[PDB]
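Encoded as structure tokens, the structure appears first; notes follow it.
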Amino acid sequence: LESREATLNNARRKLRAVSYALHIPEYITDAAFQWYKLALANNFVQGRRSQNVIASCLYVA
Amino acid sequence: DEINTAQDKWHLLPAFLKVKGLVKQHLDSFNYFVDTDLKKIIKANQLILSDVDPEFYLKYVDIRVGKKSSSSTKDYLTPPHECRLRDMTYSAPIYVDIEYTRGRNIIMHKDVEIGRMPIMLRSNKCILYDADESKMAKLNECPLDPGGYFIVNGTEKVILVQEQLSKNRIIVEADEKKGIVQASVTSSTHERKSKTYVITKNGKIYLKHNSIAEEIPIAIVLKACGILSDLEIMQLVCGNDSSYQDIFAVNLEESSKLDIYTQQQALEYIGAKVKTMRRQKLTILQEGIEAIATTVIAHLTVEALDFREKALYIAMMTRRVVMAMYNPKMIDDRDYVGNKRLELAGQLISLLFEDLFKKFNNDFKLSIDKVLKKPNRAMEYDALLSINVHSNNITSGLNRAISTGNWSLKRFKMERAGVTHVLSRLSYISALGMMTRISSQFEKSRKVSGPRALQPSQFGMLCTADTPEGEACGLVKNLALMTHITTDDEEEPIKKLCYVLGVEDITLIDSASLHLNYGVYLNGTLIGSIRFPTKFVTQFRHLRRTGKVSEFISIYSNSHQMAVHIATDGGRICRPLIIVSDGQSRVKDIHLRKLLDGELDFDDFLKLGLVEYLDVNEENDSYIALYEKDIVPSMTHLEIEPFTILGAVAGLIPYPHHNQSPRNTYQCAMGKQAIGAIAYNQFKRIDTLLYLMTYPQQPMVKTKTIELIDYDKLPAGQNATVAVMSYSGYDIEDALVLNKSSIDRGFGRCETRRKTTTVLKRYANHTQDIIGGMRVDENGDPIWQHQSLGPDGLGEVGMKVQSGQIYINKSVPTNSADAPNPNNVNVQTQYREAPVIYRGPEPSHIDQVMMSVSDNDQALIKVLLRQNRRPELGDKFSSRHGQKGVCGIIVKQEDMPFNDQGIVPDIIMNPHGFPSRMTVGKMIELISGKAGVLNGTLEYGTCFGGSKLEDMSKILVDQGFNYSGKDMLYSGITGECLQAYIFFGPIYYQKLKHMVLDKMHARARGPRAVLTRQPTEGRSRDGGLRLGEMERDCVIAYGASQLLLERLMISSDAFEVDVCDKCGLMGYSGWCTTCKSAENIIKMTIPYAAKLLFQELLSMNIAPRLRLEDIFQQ
Amino acid sequence: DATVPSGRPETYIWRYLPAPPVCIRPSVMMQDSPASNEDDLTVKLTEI
Amino acid sequence: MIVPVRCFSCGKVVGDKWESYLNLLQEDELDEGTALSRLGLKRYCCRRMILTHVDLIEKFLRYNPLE
Amino acid sequence: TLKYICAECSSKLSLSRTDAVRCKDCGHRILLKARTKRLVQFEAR
Ligand SMILES: [Zn+2]
Ligand SMILES: [Zn+2]
């Protein structure tokens, strides 16, 4: 959906946001994007807070 | 050495360049930006505030670039040569201190990092500042490097020196058929980009502006400023007893038609015809909106209550436009040099900085009020925990603007591009000649030869004989040898200073006295209405030379109009010359001796009162002398040194004043293409495509210019023994002839070094790139492609490569974009090969290879290939006096002639150039060279002087040769004497670029374009040349009609199309697909570029129906 | 003129529009990404 | 770099004379024109091989990677 | 062997593969491949 595209393009900003803070090079940030991509599809993103579901996401990468 | 002030005024010109260099413009502009202007930006965007939580604030108190305040060390910083091998940005951190309200208490914190500032070399913030070639030996940088350029992400770039028309002044124009217009552009630093026009429609003056929808006659708008008595207006514009009153006589009645006649009605006439601001204030007055319409106009001057000086400033603007119609000679051109403001780099990067710095914090205030609208997170919340999220928006904004030289601003909305350029490292001076060059504005005056030509107001202002040709023919210009750029100081206290000198005030004078007297102009604006200016102006020079007022002020004083000018705007051209009071100068040779003692530098000459700066406008009033043997008792401002009129890339011509002037620009365009040394660290740097000469030599006839830039310390080109003559017919017009032996002894064996790079890249599925190599066969490692690939996959150092023969083996995972399955089930065989094959027609060597990391954790592979070559025929040589020349053949030594001693000349050129090219300089340099060798002394060839001829002929006639070098020598092919005499000596032949081993290419049958099936333009894309439209006309003028099709569709664009007879258009392999019959189909062949036209024109509603006949049965 | 089937003046404004082949508007693969820079014709025809 | 071993034109060797040209200037402060003519450079094609020769190999060797 | 050498540390070392990119004895991260022992051939003209 376009709303599905609009919420990831919103989230594309936010995982890139903390990568600037922690001096994260880009190949972690793009690699963690797929982990958020599947966890959105696997109905994990609903209910939890937005900043909590991305901070837990990129630590795995 | 009895020193005198006659010929030793030269010996302070090094004393200028020593303390005050040649990269004055880029050092002093950027270093002023670092100290002063950075405080001036945060004081303009202090005190960020939010509407929610109104008791919250954060304030910027100060700004420091470089060190911290705790450690108070210099810094710990990356070396620049270490930075340029890792493709990093040579930067320095930005540190501020901030005070804010955490909560119950307010709290001030120090040393907050925001971003990294890329800073130029040899500035006071870099570690190269004031080194002693021992730290710089440890930092392996060249001491002879000028500096003044950035090292953003690898490649080294430099910002050029821009210029535009003189902002914040008035300029007059003359147009034939659409009437005549006057323009005045103004731009203060707050939202202002406004230009004002004075149009003369059908004999009636009008004023149009880009905020007013209509044109307004001037008799309203000065009555709107309070001046309404309407006999003032005739007396201001015209004066008295002239033809101007009859010229103005039509303009007055437009006030009478609308019947305003008063100051009250004169405002709202304008504001009833303005379409601006869209009612931003919901409480309009409709009478107050013309006071601000009188405020956003003519932004030179502002007002408080009287509207006095802005009124007459329109009238002084209007006096020019009436005088324009009285005679068209009074209009001045916009290519006079005084109408040009040379605008530098450091005062231009500041315009991008404050635009981008306010884009930082307004995005930062959106990152706090999202939190401040929370009930639970409203007490313990801190702001600068999230300062780092916007930190990477000032680094990648600056590093993009410098890498891609197009600066997108918001407050002005203007999109100039190409403001930065890669500096060319072909020669030493090529990297120095690009430091002093000017890129213009290209104001779309392509029809007018005005800006293309050269104006006489340029002598010593900037260089004259170095300007490119071709497309860029006259819009690129170059600075002089002695040149300083002014800077503004202040206009406020000098306005207080002239009132001490006995000048009147603007709000007191009558209309009568101002045209009778003269008037001071402050930056184009009258303030004082001075009388008898000669007592006023000459005391002010005595105030300036004593040094109470700053020295960069000009007292340009014309006499066509009745006015004098005061200029303090800064950023305009000037050069210094020494003051002469009367028929005796202020030379004082004992001061010139006290300079050479070492305590009297060049700055003290202007402090004591013995030198002063003159712009282009002060050189109106001056009467510059040439020589001390040319002093008159009516003569001021002796000129310091007459050969300082040539640029540093033009200065290497020996004795130019004998040589022709069009043969100077041909050399100055080639001098940047001369091969020689580069730098001391040239065996350490890894640059893209970098040539060297093996055996360089300093030239025989030097110049005073080239010893100031230390060209002799690392020269370009070598001096060989020329015998100018015709020989074997292989040199007809300016070809060259040389011997096989001297190349075999090593005559200029150049050497080509070339970079190539690749990046190991990490994917999203956590896969790297591996360097597996040397697959083996039949008991041996090396395949024909693998004799120089080494154990680790990196090509082995010290051995050659040929076509094929992979030198770096790069293997890529085949799952380049597949999704990460969180498992490890089958990952063992996925690396497909993607190597880089060494192409090229000649065997080259591997010099060395290094590997390192970038700014992110990501590996690099950079090998520098190496090859040298011998100067075989085809290679373009030069002569340093503007003679292009290509090697015709290569003779042996037996065929060459020889003198009585048996000296064999090196290069042959025919005598048939010197009458046409009028190059007298080579005819006298060869005399100046030969006598110096036998005396063992190097001779100076300067402009406007140097060593003479008659003292030089005395030297070699004592050695026993001919008295003007015109020797005689036997023939090598037959033995006997030659009937004429020869001309002989050593001349300095420097090799150029454009060698022929990397220009020969041929495309027999190769790749085709995907859209046109045509050969691919570009030699690196395998070529295939364009038989253009102009050659297609020349074929049919022969009347040949059979190769015309063969060269345009057979060998190029043959394509076979089946077309149907009825309903004629094409179909695929065997069909018609609009009458599906597969029957009436005829096979022919057409151009593919005509076939796709029968699809592209068929895409819109036009149907090219074809109609067919047979050839036979006429 | 008449006597052609296409002689009506009805056919001089767009009611149907054809799509050209992809050979004249080929998908240029610039190899700056795993995705293609898709050309101007298709990205105008898409929102039509 | 280093001095060319032969002359460009005639081709007698000058490789033993660069150090002797320097040694004839530290001691025995002398004119450069009479110095090498004493050494035996009669041909002026040979004389320009040492006058013009800037010796950059001293300035290059201070950038050695071996410390 | 005579593997990778550093720029200014100039210390001969043999890096084991896919492990590090820095050198020992210094934190400097630019290192050169040394010249091989293998014979190479040239001419003299
Ligand atoms: Zn048909
Ligand atoms: Zn080390």
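The backbone N, Cα and C atoms fix where each Cβ goes, and this holds for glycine too.
Per Swiss-Prot, the features are:
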BINDING   D:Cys7, D:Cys10, D:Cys45, D:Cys46  Zn(2+) binding site
CROSSLNK  D:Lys59  ubiquitin cross-link
Spatial neighbours of D:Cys45 (Zn(2+) binding site) that are distant in sequence (at least 6 apart) but have CB under 8 A: D:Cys7, D:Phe8, D:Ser9, D:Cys10
Recorded positions (D:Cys45, D:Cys46, D:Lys59) in Cβ proximity to chain B, threshold under 8 Å: D:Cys45, D:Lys59
D:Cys10 (Zn(2+) binding site): tally of other CB atoms within 10 A of its CB: 19
Binding-site residues (D:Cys7, D:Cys46), the one with most neighbouring Cβ atoms at 10 Å: D:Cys46
Against chain A, in sequence order - recorded positions D:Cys10, D:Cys46, D:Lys59 with Cβ under 8 Å: none
Three-state secondary structure, which DSSP defines for D:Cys45 (Zn(2+) binding site): helix
Neighbourhood of D:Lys59 (ubiquitin cross-link), C-beta criterion under 8 angstroms, separation at least six: none
